[PDB]
Amino acid sequence: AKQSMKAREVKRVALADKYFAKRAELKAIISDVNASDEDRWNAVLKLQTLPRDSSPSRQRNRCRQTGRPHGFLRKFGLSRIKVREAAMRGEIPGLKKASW
Amino acid sequence: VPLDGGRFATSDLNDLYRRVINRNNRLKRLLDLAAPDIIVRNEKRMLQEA
Amino acid sequence: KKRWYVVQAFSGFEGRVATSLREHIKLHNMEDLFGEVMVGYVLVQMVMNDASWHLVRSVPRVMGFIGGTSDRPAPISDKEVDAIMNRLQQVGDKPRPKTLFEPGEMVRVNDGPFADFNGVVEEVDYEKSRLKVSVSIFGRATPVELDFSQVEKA
Amino acid sequence: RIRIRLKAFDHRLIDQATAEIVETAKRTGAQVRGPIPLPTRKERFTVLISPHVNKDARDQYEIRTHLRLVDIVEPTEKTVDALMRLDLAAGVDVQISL
DNA sequence: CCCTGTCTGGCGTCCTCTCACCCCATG
DNA sequence: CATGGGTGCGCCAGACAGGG
């Protein structure tokens, strides 16, 4: 499903693992109450000179197999189509057509 | 193999190999925490003679 | 000035060799020619006259000095003597407990049935003085609580 | 003294496996509290099945995970190794808190 | 260097049949 | 309990000093 758009997703998790969780500290407490002068104002300037990527909001959470952006499931990592064909096979443990 | 009584009648080569291994373990200990030259010269000399 | 020398004894009778050596000193009253005796090798603070050399080799269960030659035997060419002394001091020294620990930090177990195993401390309890670390038993990290002294910091 | 909390997806497996986890304990430690079941977490995922329109055909799914407790009584070193080191049944989580 | 004395090693028959006894020692 | 600390043989022969 648009192998370039799969490749655009894989570069965004790398930048989120190189800059942020390590440079989210500039927004963590340097955007909190302290010496809130131009020291704070510089830090609010200094995170736009980071790439427009590398923030986790840019990540889409496509399917792990098909890369389908809609219909994602954050328990398995697959889309709704690829979870159903796998579950009826027996690729997913402890799951079945249930009814209550 | 043991004798009639039960005490193991041990061969001579087991004494020789057990001596060489006792001395080699002592010399390796004299390489970790170790000890001065005269000590490791006697230790290596006893290993050579063993 | 009294310099050090190395004496070889029958290994196993070493304390009795040290006691007999102190007693031979206080028999033949060359008290100004011997400083100490440290404990299969016996360390002797000494000077070198041939009389004191015959004295130490006339002490029973003593083979002889260990040096370059038997004419003028050799004092102390310290190479790993300091290392051995430091190791002994640390061993017989107060073992510092592994109090400093944080979540995700690997630790080491040397007590109980989990002895000789490593793991990580998922949770810590300074108030209860207990560390929550799991030890891979048959692969399954068996989360168990161990004291700071029961485990070592990795 | 030691909480033994074990999780697995199959009920005929987790309840079979709890029979021997006290048989490896009452053989040596000779005192266990008792097999305590725990209310199971049923996670449901009901989701579409067609690759396009007809959002009225869905298939209800459910993954049931179970939990059991036995909470062994005696902390004697023999019993400790007979449970901590001796973990059985692959596919069955077991986690212990002393 | 060319002969002479010393210093260590290497070796000394084959089959059998009993017996007796195999590391203290000790803080 | 577990380890470690005699002085009666005689010839040949070649290698190592030792004069020579």
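Working only within segment D:52-68, note down all residues that are surrounded by fewer than 16 Cβ atoms within 10 Å (Cβ to Cβ) and among the aliphatic types (A, V, I, L, M).
If the condition is that a residue be surrounded by fewer than 16 Cβ atoms within 10 Å (Cβ to Cβ) and among the aliphatic types (A, V, I, L, M), then D:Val53, D:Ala57 are the ones that fit.
Taking segment D:51-85 on its own, how many of its residues are over 25 Å from A:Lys96 (Cα atoms) and touching a strand residue (DSSP E or B) at 6+ places or on another chain (Cβ under 8 Å)?
Total meeting the criteria: 11.
Out of the residues in segment B:1-24 that are away from DNA strand E (no atom under 11 Å from the Cβ) and either of a type in the set (A, V, I, L, M) or within 14 Å of chain C (Cβ to nearest Cβ) (or both), which is farthest from C:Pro75 (Cα to Cα)?
So the residue we want is B:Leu13.
Among (1) surrounded by 16 or more Cβ atoms within 10 Å (Cβ to Cβ); (2) within 19 Å of B:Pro36 (Cβ to Cβ), there is one condition C:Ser11 misses while meeting the rest; what is its number?
Every listed condition holds for C:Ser11 apart from (1).
Out of all the residues in segment C:109-154, which are loosely packed, with under 14 Cβ neighbours inside 10 Å, aromatic (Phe, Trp, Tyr) and farther than 15 Å from D:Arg85 by Cβ?
C:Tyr126
When you scan chain D for strands (runs of 3 or more DSSP E) that lie fully inside it, which ones turn up with 1 or more residues that are among the aromatic types (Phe, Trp, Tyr) and within 11 Å of another protein chain (Cβ to nearest Cβ)?
D:36-48, D:58-69
I'd like to check something: does segment C:114-130 contain any residue that is assigned to a loop (DSSP other than H, G, I, E, B), closer than 30 Å to B:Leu31 by Cβ and out of contact with any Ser or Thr (no Cβ under 7 Å at 6 or more places or on another chain)?
yes
Note down all Cβ pairs under 7 Å where the first residue falls in segment C:21-49 and is outside any strand (DSSP E or B), the second is acidic (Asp, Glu) and exposed (fewer than 14 other Cβ atoms within 10 Å of the Cβ), and they're at least six residues apart or on different chains.
C:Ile25/C:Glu31
How many residues, within segment C:1-33, are under 18 Å from C:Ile66 (Cα atoms), away from chain B (no Cβ under 14 Å) and more than 16 Å from DNA strand F (Cβ to nearest atom)?
Residues that pass the stated criteria total 2.
No value in this document is a laboratory result; all are computed from the given coordinates. Note that each Cβ is placed from the backbone with ideal geometry, even for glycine, and that neighbours are counted across all protein chains shown.
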